[PDB]
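Next up, structure tokens for two forms of one chain, structure 1 and then structure 2.
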Structure 1
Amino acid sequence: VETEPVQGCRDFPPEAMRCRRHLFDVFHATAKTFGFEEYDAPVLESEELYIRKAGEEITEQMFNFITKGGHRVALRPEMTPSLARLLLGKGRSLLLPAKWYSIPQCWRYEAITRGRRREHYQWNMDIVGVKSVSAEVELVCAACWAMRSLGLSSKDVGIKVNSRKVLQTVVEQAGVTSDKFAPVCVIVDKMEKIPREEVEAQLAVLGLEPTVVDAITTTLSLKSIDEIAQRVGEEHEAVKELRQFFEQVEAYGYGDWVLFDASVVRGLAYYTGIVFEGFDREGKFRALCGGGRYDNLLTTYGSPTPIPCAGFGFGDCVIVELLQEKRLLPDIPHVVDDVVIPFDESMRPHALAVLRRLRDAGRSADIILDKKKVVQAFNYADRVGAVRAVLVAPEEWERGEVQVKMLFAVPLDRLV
């Protein structure tokens, strides 16, 4: 007798489902406008695929189980690995650069509320085979367009930007093997989420000294690009890469949308370079979206030659919270072009004839299926939001006509 859905999952009845479609049309449209090709993988993947274990939180937050037949498995918590699989699968036949997108469902055994439910759809845009920041620029501009398309602006939403190289330098400059670095990126991401002493505690636990911990704290708090230059020199990849990224987005004309934020690092250990996170200016919700460059990952899965990648994920939850707070998700109710009312059931076969004729003429149309009275029919027309009620009565039908109410006798040739 049980009606509620599993755990923190969402049901999508028509009313809700429309909102989703509205949201998706946009992603697709934006992809197309930006020239991305759609792909998809199976939601269920091999457990083996997600073996990185870089101190992350995603490894245990897994819907994993065993089929017996074939080997053990898990429902995907992110698309990227599944992309990498498909890419590498394509092998020598893979033509580059490639620009691929997808709107896959994703499963994290996570903490339900607020806007981080146990299942979520995630719009992935990825550029593969592009070395320069030209990629990230495009990608970030793609998120913006989408949002702008949804009815947002730079004043509602921002995108914070940074490069992990800045950090990667600082660490490499003190005496710790890149060994412990990715874990530091996991730790350091928590600075937004929790207080400084507990981050600094976990970094001391990873073995690091206090004086190196200090350096990290400082870097994270660095105010601008100009200021980056002074801790690492204007002659430096990270520096000139950001300046290009920023000059290019300003050129494309989304200047107000982005800004530098030294704090941004991301919680996934395969990012190599530039990284970004979409946020609402008021600072109400978790990240709208997040992404960055991941050059080495494809080598990690075993590409005989390393393949640069950048790309982001864009959730379907937080974004909606924001649109609903900005009253940009007005329910647009179901409509249909025509409702065909058989006068009595003897007219039904003629009604059908008429219905076919409209559906052929490319109309969207509906027909009263059970025997019901004339009022009820009109009532139905109103419920389903019909633009027009075509009543098929006999007196008229014999004269080769039907009745039409808009929401007088019309012959068929003048109907459609």
Structure 2
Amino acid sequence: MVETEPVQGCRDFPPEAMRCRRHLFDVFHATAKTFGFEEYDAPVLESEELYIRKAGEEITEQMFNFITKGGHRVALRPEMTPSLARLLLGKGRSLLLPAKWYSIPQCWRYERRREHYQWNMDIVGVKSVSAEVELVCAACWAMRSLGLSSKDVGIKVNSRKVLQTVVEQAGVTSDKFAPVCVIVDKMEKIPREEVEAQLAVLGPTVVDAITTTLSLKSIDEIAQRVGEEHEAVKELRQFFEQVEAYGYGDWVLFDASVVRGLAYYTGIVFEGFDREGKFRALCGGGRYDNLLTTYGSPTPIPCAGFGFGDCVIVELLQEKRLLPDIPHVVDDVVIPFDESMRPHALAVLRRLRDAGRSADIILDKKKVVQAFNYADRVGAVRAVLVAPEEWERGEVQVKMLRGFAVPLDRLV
């Protein structure tokens, strides 16, 4: 017997599970359309070189990579943002800006689940915090569309520029900044000792300064540290003013501990969370204004975006009882009275489908009662019995499942 289980860390989606996944994806697609984003895609297989960032990132450390027969170093993508930038870099000046692009790629890791789907939303060519505002609103909109409220979830927001100043002023060379963010991202996960030790290895005074600024609880307190008109203060203020104007003020808040784990974030960063403190981050993103420059863009291209995985959100929705099983449905099941009626039933099936209805025909030889049972099992709205006596009169028998003779023309 063949192995029935899927490959290690990978999920099967039989129809029941697929309906749940489709319920989620339908929201991702619907939200992107509502917000005027355009779909794109790229190959799950990318060059390994695309992800070599040398910053100690979990995402690049846990890369599902291999070598081809032809000796090329490839990887099943651990994230989408590098593929997006590749695409953008390829287009150059032909790309009209601003651009708002989205996708729902399967992304991979190797270390535990080894694959997940991740809704990606990115705004390209927008310098101002208006981009981050729209992105955060889009994530909130998706969560609201799924049945959650601002009592269930929120989005924590910060700017890496605050920390950038502290690292720069303390005297640390800026090439260590991305490594620092990556390490400080571990704070909530591991003891402050371990995190303190990691920064020591990187290269005590400056470490204290980092720690203090992470734990500042309000924006006023940040403004006391760096000034009321520091770059980050005005941007965060504008960000909250705009989100409030859109009507999502209750969904967002400031949190100085939020840095995210990716090397490339330069500005505002954010992450979604459940207000019971039970789950990992629901989504995460930020501004990354230098990535395209590091890829070789002759001109700086401002960018911002987020990823929103398919797994944590599902656990939250299940906890909140927002993912009831939604059984399969079909409009019509056409039932031949017997096999002599099959040709006529097929003509009827054609008509129903011609009208835009979803319809089955009983394919096996079976008794009328069992055909009605099958009709119930598949969630048919209507059973259409095609029998000789009614057929003679230009009719079929129609029975609403949630048996009257009806002229063919009146079926639809």
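Rigid core here is just the name for the largest C-alpha set that superposes within 1.5 Å across the two forms. Every residue number counts along structure 1's sequence, beginning with 1.
In a core superposition between the two structures, the Cα of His71 is the only one among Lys155, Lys131, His334, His71 shifting by 2 Å or more. Core-superposed comparison between the two structures: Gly91 shows a Cα shift of 1.5 Å.
On core superposition, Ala389 has its C-alpha offset by 0.6 angstrom between the two structures.
Comparing between the two structures on a rigid core frame, one finds that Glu235 has its C-alpha moved by 2.1 Å.
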